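Listed here are the chains, written in short residue letters.
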Amino acid sequence: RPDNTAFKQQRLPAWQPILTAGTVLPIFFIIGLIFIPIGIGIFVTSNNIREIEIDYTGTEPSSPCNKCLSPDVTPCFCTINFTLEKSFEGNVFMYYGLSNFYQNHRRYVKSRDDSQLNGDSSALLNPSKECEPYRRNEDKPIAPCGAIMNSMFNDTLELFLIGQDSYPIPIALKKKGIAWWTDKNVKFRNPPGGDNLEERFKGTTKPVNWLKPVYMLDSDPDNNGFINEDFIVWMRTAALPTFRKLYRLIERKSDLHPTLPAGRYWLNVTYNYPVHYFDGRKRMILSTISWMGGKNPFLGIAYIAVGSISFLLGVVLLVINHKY
Amino acid sequence: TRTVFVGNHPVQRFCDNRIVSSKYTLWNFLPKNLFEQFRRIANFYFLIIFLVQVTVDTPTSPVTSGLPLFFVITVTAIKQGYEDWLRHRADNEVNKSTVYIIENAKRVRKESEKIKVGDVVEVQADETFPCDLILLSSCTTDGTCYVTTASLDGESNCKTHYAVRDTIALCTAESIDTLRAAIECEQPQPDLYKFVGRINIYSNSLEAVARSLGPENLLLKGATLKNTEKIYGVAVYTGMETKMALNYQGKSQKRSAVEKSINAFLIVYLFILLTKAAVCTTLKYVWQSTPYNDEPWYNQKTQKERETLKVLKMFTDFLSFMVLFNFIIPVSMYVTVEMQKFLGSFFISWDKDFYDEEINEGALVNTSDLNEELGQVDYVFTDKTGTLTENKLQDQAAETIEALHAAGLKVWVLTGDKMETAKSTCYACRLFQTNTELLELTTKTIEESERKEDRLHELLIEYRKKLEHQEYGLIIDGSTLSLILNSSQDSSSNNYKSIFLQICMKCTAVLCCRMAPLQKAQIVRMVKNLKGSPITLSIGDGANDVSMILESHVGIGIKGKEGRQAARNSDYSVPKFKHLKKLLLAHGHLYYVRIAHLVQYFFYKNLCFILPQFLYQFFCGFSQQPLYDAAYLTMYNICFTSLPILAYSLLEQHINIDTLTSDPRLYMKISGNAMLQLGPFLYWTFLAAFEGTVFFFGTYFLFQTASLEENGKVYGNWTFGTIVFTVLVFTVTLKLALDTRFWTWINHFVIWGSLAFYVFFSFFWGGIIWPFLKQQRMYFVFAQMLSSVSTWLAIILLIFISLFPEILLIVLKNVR
Ligand SMILES: *[C@@H]1O[C@H](CO)[C@@H](O)[C@H](O)[C@H]1NC(C)=O
Ligand SMILES: *[C@@H]1O[C@H](CO)[C@@H](O)[C@H](O)[C@H]1NC(C)=O
Ligand code: ALF
Ligand SMILES: [Mg+2]
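As summarised from the PDB record, the model derives from cryo-EM at a stated resolution of 3.3 Å.

And the structure:
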C-alpha cells in the first residue's frame with residue numbers, strides 16, 4: 001500500500017560505477033601520456049623565456065648604488081651597467097621587485113578607502129577610519145588616504161643601450177597599459193566633476209610621504225589622479241613578501257630587429273625609495289612573456305613529476321594484475 | 001480515592017479535559033528553542049565567537065560568523081517548529097471536536113475541552129469518546145454498545161460494553177431529577193483493563209451496591225463508538241489522567257554512537273584550534289621582536305594601538321587567531337545531521353516490505369535519532385511468545401535468526417514463559433543449531449546453590465577454557481539467574497557475577513526462561529556495561545517488554561496481538577519479526593554508512609579550508625590576515641559545499657540494497673562503528689592536511705613567476721586566495737564525486753550544480769555588488785584569474801595532485 005514510487009522505495013535509477021582493472025588501470029596511463037607532453041611543452045616554453053634581473057639596493061660597499069644607501073642628499077642617481085648575452089625578441093616587460101616588503105600585512109591591506117578611489121564625492125572629503133594613521137594631517141583629509149597609497153614606489157628606472165660608439169641609445173619605455181583594464185577604467189575613477197583636476201581635489205592634501213599631490217602625477221588627462229597606472233599597480237597588494245609590480249613595457253619594433261639587442265646597457269636609477277631599514281632589496285627585472293606568463297619552472301616540473309609518476313605506478317600496477 | 005457526583009446532588013483535586021502532546025507554546029517557543037540549541041558545543045562555541053567579533057577588533061567581519069550561525073539556528077527552528085505545530089494540529093482536532101452535554105436537563109453541544117469532570121455526555125454513532133467515561137446507561141434495551149479499540153490497544157474486534165445494570169432503566173429522560181450517584185473511583189493507573197468502580201447512586205431511600213465497574217463499563221478516551229444510536233456516560237477521567245493519556249512515556253534514549261563520536265571529534269578539533277592559535281601567537285611575538293618587523297615605516301601603528309598594554313595585546317592577538325581559524329569547527333553540521341535524520345526516517349516507514357496485509361499497517365518511527373543505531377547492533381534481546389511465536393514459530397522467525405547469526409550478532413531470547421515450552425520450541429526457532437553443545441543452568445539440574453558456583457566454575461575453568469557460534473548456547477532460568485545478580489556481593493575472590501560475564505560474552509545463543517518483567521531490564525543493563533558498550537537491541541510485543549525496550553540502545557516494538565504498549569514506547573515499530581532482517585541489515589547498514597561518511601566529510605572539508613589560512617600566516621607577518629574574501633568565509637559551509645553531502649546522506653547505497661538483505665554473511669560485520677574509529681579518523685585528517693598543504697604550496701610556487709598572463713600583469717592577495725579557494729572547492733566536491741557509488745539524478749544535480757554555482761556566484765559577486773560595501777576587494781578577481789592559461793593548468797593539476805592519495809586507494813582497494 002505505501003506509495004510504490006521509485007524515490008520512496010530507495011530504488012531510483014542510478015549509475016553505480018563498477019571499478020574494474022580494465023577500467024581503473026588505464027587511468028594511470030591516459031594521464032601519464034597527457035601530463036608529460038604538457039609538462040614538456042611548458043618546461044620548454046619556460047626555458048626559451050629570456051629574462052635578467054639586477055639588484056640595485058646597494059648594501060655592498062662595491063655597488064654603485066651604495067652612495068645613496070645612506071640617508072644623504074635626496075636626489076641620488078646610481079647607474080648599474082648590466083649586459084644581455086642573448087637579445088630579447090618579442091615585446092619586453094620591465095618590472096621592479098621588493099623583498100621583505102609585507103604588502104599583505106593585515107594592518108596594511110585594509111588601509112585603503114575604496115569608495116574614495118572609486119570616485120565618491122562624499123568619501124573624497126571624509127575618508128574611512130581603516131586608513132587611520134594616514135587619514136588626516138593639519139586638519140585636512142589626505143587625498144588618497146591610507147598606508148597603501150602613502151608608501152608608493154617612487155624611484156625612476158631608465159635603460160640605455162650603448163651603441164657601437166661610446167654613446168648610449170635611450171630605450172623608450174611605455175607607461176600605459178600596465179594595470180588591469182577593469183581597475184583602471186572601472187574600479188579607479190577620478191572625483192566626479194571638473195574640467196581640470198586640481199579643483200576637484202580641493203579640500204584635501206597629498207599623502208604625508210608623497211612629494212607631489214595626486215593631481216600632479218602626470219600631464220595627460222588620462223593618467224593624472226586615482227587613474228595613474230603606477231598608482232593603480234602599487235595599490236594591488238602583493239600576496240607575498242617578495243613580489244614585483246609591472247613598471248613599464250617595451251613595445252616590439254615593426255622591423256625585423258630585436259626589442260633589446262645584446263650589448264652593454266645602463267640602468268641609471270634615481271634612487272628614492274628607502275628599503276635599507278627593514279632589510280629589503282630592490283630589483284629591476286626585464287623579461288619576455290609567453291602564452292604561460294613569465295619564467296617559472298614549477299609548472300613544467302610539476303606536470304612532469306606527476307605525469308612520470310602516474311606512468312611508473314601504472315607500470316608497477318600493471319605488473320601485478322597482468323602477471324597475477 | 002476520588003469521588004464523582006454526576007447530578008450535582010451531594011451526599012479542586014482533579015484537572016481539566018485538555019490533552020497536550022506538544023513541546024513548545026507560541027508564547028515561549030523562541031526562548032525555549034534557542035536555549036536548547038545554544039546548549040550544544042558547536043552552537044555555543046559559535047556564539048562565543050560571534051560575541052568576541054562584535055566587541056574585540058578581529059580579522060573577519062561579524063557577518064562571516066553571524067550569517068551562517070543565524071541561518072543555521074533559523075533552519076533548525078523552522079524544522080522543530082513545524083515538526084511541533086503538528087502536535088497542535090494533531091490534538092487540535094482531538095480536543096476541539098463538538099460533543100453534546102446535558103448541563104441541567106439542557107442538551108447543549110460544547111467543545112471537547114470545555115468538558116468538566118462528572119457531567120452527562122451523549123455520543124451518537126461513530127464519534128470518538130471525548131473523555132474516559134463511565135456508561136451509566138444506554139438508550140436501547142439491555143444497554144450494550146459495540147466499541148472497538150482500534151487506536152488504544154490495536155485490537156480490531158467489537159468489544160462489548162455493558163451499561164450499568166441497575167440504571168439501564170434511565171433512558172435519556174431528564175437526568176437531573178435526583179440522579180445522585182457517588183462514584184468513588186480510584187486514582188488513575190495505565191493498566192487500560194484494570195479498573196475498580198464503586199457506584200452508590202442514592203435512590204429515594206438508599207442504594208450503594210459496590211458494582212466494581214471495569215473494562216465492561218469504562219469507555220476509554222479516543223475509542224470510536226460503532227453501531228449504537230447514542231449513549232449516555234459520565235466522565236471520571238478527563239485527559240492527562242485517562243488511561244489513553246497515561247501511556248505516552250516520552251524520555252531520552254536517543255543517544256547514538258555516531259552522535260557521541262561527533263562530540264569526540266569536536267573535542268579534538270578544538271585542541272587543533274587552540275594549537276593553531278597558540279602556535280601562531282608564540283610565533284607572532286617571536287617575529288615581532290625585531291623592531292623593524294612591527295611598524296616597518298610603511299604600515300605604521302596608530303597612537304592608540306602603539307600604547308595598548310602588551311599583556312592585553314597578547315590576549316587580543318590570541319582571540320584574533322581563534323576568530324580567524326574559527327571555521328575549523330563545522331557550523332552547518334548540526335543542521336545537516338538532523339535534517340538528514342528527519343527526511344531520512346521516511347524510507348523506514350515508506351518501505352513496502354514493512355507492510356502487513358493483515359494488520360494493514362506499516363512501520364513506525366517514534367524517534368528519528370537512533371537511525372544509525374540499527375547498523376551498529378551487537379546484541380539482540382527478543383521475547384518468545386508474541387515475536388517468535390504468534391498467537392509454532394511465525395512466518396520466518398527461524399530464517400531471521402540465521403541472518404542475525406550470520407551477521408555476527410548475538411540473539412538472547414528473554415522469555416516470560418516456562419523452559420520446556422520455550423527451549424523445546426527453540427529447537428525449532430533455529431537459534432540453537434543441531435550440533436550445538438548446550439550448557440544448561442536451569443533449576444531442574446541446579447537444585448543446589450553451591451553446586452552452581454561449582455557449575456559456573458567447572459563448565460568454565462575446566463570446561464569452557466580447557467578445550468564458537470555453532471558450538472555453545474547457554475540456557476538460564478529466572479531463578480538461578482537471580483542469585484547471580486541479586487546477591488553477588490559476598491565473596492570478592494571469584495564472584496558469581498564476574499564469572500557469568502565471561503560466557504555471556506562468547507555464547508551466541510542464550511535463552512532466559514521464567515523471567516519476570518524486571519529481570520529483562522537487568523540483563524540488558526548487565527550486558528550494556530561489560531567491556532566497552534555492546535550496542536543492544538530489544539524487540540518485544542507485550543507490555544512486559546517495555547522495561548527492556550526502554551532500557552536498550554534501540555527498542556523495536558512489534559505491533560502484535562497483545563497490544564500497542566510495546567509498540568508505542570519503542571523507537572521504531574515493525575508489524576512482524578521477520579522485518580528485523582530488512583531493518584538492521586538493509587536500513588541500519590545504509591543509515592549508518594550515510595551518516596558516518598557525512599560526519600567524517602564535515603570535519604575534513606573544513607580542515608582543507610583553514611589549513612591554507614593557517615599556513616598563510618607565515619608569509620603574512622603572522623598578522624592574522626584572512627587568505628580568502630569575506631563572501632567566501634560565509635558561503636563556503638552553507639552555500640558551496642552544503643547540498644552535495646546532504647543529498648549523499650539521503651540517497652546513497654554503497655552496497656545495492658538488494659545485495660544487502662541477500663548477503664548478511666559479512667556485510668553487517670564490516671562496521672562495528674568502524675567508519676569512525678581512530679583508523680579512518682586520521683586518514684581523513686592526514687588527507688586534509690595533505691590537501692591543505694598542496695593547495696597553498698602549489699599556489700605559493702605558482703606566484704614566483706612575475707606574471708601568469710600573456711600581457712604581463714601581476715596578481716594580488718585576492719587572486720592568491722581565490723586560486724586556493726577554487727582548488728579547494730573543486731577538490732572537496734570532486735572528492736565526494738569519487739566516493740558516491742550510487743549516482744542518482746540528484747547526485748548529478750547537487751554536485752555538478754554546486755560547482756557551477758561557485759562559478760556563477762564568483763562571476764556575479766565580481767560585478768555590480770558595490771553600493772553597500774566598503775571593500776570592492778574582489779571586483780574582477782575571478783574573471784581575471786581565468787583569463788590566464790597558466791592558472792587553468794595549475795588548478796587542473798593541484799586538483800589532481802590532491803586527489804591522488806584517494807585514487808591510489810580506489811585502485812589498491814579494487815586489486816587483491
Ligand atoms: C619616495 O617615497 C619614500 C617612501 O614614501 C619617501 O621616503 C621618499 O622621501 C620619497 N621621495 C620622493 C617623494 O622623492
Ligand atoms: C644615465 O646614466 C648615466 C651614467 O653616467 C648618466 O647619463 C645619467 O646618470 C643617466 N642619464 C641622464 C639622467 O642623463
Ligand atoms: F513472550 Al513474553 F512477555 F515472555 F511477551
Ligand atoms: Mg510477547
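A short note on the site of ligand 2
Residue and element names in this part refer to chain A. The full set of residues close to ligand 2 is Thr79, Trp266 and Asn268. Taking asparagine 268, its side chain carries an N or O atom lying 2.5 Å from an oxygen atom of ligand 2. Burial of ligand 2 by the protein chains amounts to 46% of its free accessible area of 340 Å².

Things to note about the domain arrangement of chain A
What the domain assignment reports for chain A is domain 1 (15-49 + 296-324) and domain 2 (50-289). Relative placement of domain 1 of chain A and domain 2 of chain A: their C-alpha centres are 43 Å apart.

Concerning the pattern of salt bridges
Any two side chains of opposite charge can pair, on the condition that their charged atoms come close. As enumerated under the stated definition, the model contains 47 salt bridges over all chains in all. Across the salt bridge formed by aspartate 222 of chain A and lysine 184 of chain A, the nearest N and O atoms sit 3.7 Å from each other. Of this pair, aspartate 222 of chain A sits in the loop between helix 8 (197-200) and helix 9 (229-235) while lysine 184 of chain A is found in helix 7 (residues 182-185), placing the two residues 38 residues apart along the sequence. Look at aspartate 222 of chain A and you get partly exposed, because its relative accessible area is 35%. A relative accessible area of 7% places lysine 184 of chain A in the buried class. We note a salt bridge from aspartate 663 of chain B to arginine 665 of chain B, for which the minimum N-O separation is 3.8 Å.

Considering the site of ligand 1
Residues in close proximity to ligand 1 include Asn154, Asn209, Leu211, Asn272, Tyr273 and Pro274 of chain A together with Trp297 of chain B, which together make up its full environment. Of the chains in the model, those with residues near ligand 1 are chains A and B. At a separation of 2.4 Å, an oxygen atom of ligand 1 approaches a polar side-chain atom of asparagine 154 of chain A. For ligand 1, the protein covers 70% of the area, taking 360 Å² as the surface of the free molecule. Looking at the shell around ligand 1, its residues break down into four nonpolar, three polar and no charged.

A look at the packing of aromatic side chains
Counted under the stated rule, the structure contains 91 aromatic pairs over all chains. Relative to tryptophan 234 of chain A, the ring of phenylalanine 101 of chain A lies with its centre 5.4 Å away and its plane at 85°, an arrangement referred to as edge-to-face. With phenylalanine 101 of chain A in the loop between strand 4 (92-98) and helix 4 (106-109) and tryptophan 234 of chain A in helix 9, this pair connects stretches of sequence that are 133 residues apart. On the basis of relative accessible area, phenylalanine 101 of chain A is assigned to the buried category, the value being 0%. The class for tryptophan 234 of chain A is buried, based on a relative accessible area of 0%. For the cation-ring pair, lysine 582 of chain B lies above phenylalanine 354 of chain B, with the distance from its terminal atom to the ring centre recorded as 5.5 Å.

Focus on helix 2 (residues 41-55) of chain B
With 15 residues, helix 2 of chain B extends 21 Å from end C-alpha to end C-alpha; this agrees with the ideal 21 Å at 1.5 Å per step. Residues of helix 2 of chain B that are buried: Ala42, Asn43, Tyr45, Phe46, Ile49, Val52 and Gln53 of chain B.

Quick look at the interface of chain B and chain A
Each partner contributes to the interface: chain B provides 87 residues, whereas chain A provides 80 residues. Here chain B meets chain A over a buried area of about 7,700 Å², counting both sides, of which 62% is carbon and sulfur. Of all residues in chain B, the largest losses of buried area upon contact with chain A belong to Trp297, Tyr298 and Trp350 of chain B, amounting jointly to 11% of the total for that side. Joining chain B to chain A, the criterion identifies one salt bridge. Seen at the junction of chain B and chain A, the total is 24 residue pairs in polar contact.

As for the sheet that holds strand 9 (residues 218-219) of chain B
Sheet strands pair via backbone hydrogen bonds, and the direction of the pair is either parallel or antiparallel. Residue and element names in this part refer to chain B. The antiparallel open sheet is built from six strands, whose spatial order is 3-2-4-11-5-9. Across the chains shown, the open sheet's two edge strands, defined by having one partner strand only, are strand 3 (107-111) and strand 9. Two elements, strand 2 (residues 98-102) and strand 3, share five bridges in a ladder whose sense is antiparallel. Bridge pairing in strand 3 links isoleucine 102 to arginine 107.

Considering the sheet that holds strand 6 (residues 144-147) of chain B
Residues and elements named next belong to chain B. Sheet architecture is open: three strands sit in the order 7-6-10, paired in antiparallel fashion. What marks the edges here is a single partner per strand, and that holds for strand 7 (160-162) and strand 10 (225-226). Sheet analysis places strand 6 next to strand 7, joined by three bridges and oriented antiparallel. Looking at strand 7, one finds that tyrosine 146 is bridged to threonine 160.

Re the nonpolar core
With 198 residues, the main nonpolar core has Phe231, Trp234 and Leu286 of chain A together with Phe725 of chain B as its most contacted residues. Here the element with the most residues in this core is helix 16 (residues 579-619) of chain B; it accounts for 19 residues. Two domains each put at least three residues into this core: domain 1 (15-49 + 296-324) and domain 2 (50-289) of chain A. With residues near it in sequence (within four places) discarded, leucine 286 of chain A still touches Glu51, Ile52, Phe82, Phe88, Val92, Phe93, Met94, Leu159, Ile250 and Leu260 of chain A. Membership of the second largest hydrophobic core comes to 43 residues, among which are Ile401, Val413, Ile539 and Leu583 of chain B.

A short note on the side chain of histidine 553 of chain B
Relative to the elements of secondary structure, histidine 553 of chain B occurs in the loop between helix 14 (547-551) and strand 19 (554-558). Once residues lying within four places of it in the same chain are set aside, the contact partners of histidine 553 of chain B are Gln253, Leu370, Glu373, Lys528, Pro534, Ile535 and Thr536 of chain B.

Looking at the packing of helix 4 (residues 262-287) of chain B against helix 16 of chain B
Residue and element names in this part refer to chain B. Between helix 4 and helix 16, the least distance of the axes is 12 Å, while the angle of their chain directions is 0°. As summarised for this structure, helix 4 and helix 16 are arranged roughly parallel, according to the angle between their axes. Contacts between helix 4 and helix 16 involve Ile262, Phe265, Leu266, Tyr269, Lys276, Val279, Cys280 and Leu283 from the former and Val599, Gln600, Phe603, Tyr604, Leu607, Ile610, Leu611, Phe614, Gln617 and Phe618 from the latter. Along the lines of polarity and charge, the residues of the contact of helix 4 with helix 16 split into 15 nonpolar, two polar and one charged.

A short note on unusual backbone geometry
Of note in this structure, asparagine 100 of chain A is not a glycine but carries a positive phi near 55°. Along the chain, the position of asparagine 100 of chain A falls in the loop between strand 4 and helix 4. Here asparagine 360 of chain B, not a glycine, exhibits a phi torsion of approximately 60°, which is positive. In this structure, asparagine 360 of chain B sits in the loop between helix 6 (333-344) and strand 12 (364-365). Residue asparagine 360 of chain B is classed as partly exposed on the basis of its relative accessible area, which comes to 38%.

What counts, and at which threshold
Residues numbered from 1 in each chain as written, not as in the entry; some residues may be left out. Chains lettered and ligands numbered in written order. Heavy atoms only, no water. Residues with missing side-chain atoms left out of burial classes, pairs and counts. Near = heavy atom within 4 Å. Polar contact = N/O pair within 3.5 Å; in protein donor to acceptor, adjacent residues only side chain to side chain. Areas by Shrake-Rupley, 256 points an atom, 1.4 Å probe, with all protein chains shown as cover. Domains from an automatic or database assignment. Salt bridge = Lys/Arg side-chain N within 4 Å of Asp/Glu carboxyl O. Helix = DSSP H or I, 4+ residues; strand = E, 2+ residues; numbered from the N terminus. Buried < 20%, exposed > 50% of the residue type's maximum accessible area, 1.4 Å probe, protein only. Nonpolar A, V, L, I, M, F, W, Y, C, P; charged D, E, K, R; others polar. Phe/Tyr/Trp six-rings, centres within 6.5 Å; stacked < 30°, edge-to-face > 60°. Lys NZ or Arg CZ within 6 Å of the ring centre and 35° of its normal. Expected span 1.5 Å × (residues − 1). Contact = heavy atoms within 4.5 Å. Buried area = accessible area lost by both parts, 1.4 Å probe. Pairing = 2+ DSSP bridges. Core = buried A, V, L, I, M, F, W, Y, C linked by side-chain atoms within 4.5 Å. Axes fitted to C-alpha atoms, helices over the stretch in contact; angles between N-to-C directions. Parallel < 35°, antiparallel > 145°, perpendicular 65-115°, else oblique.

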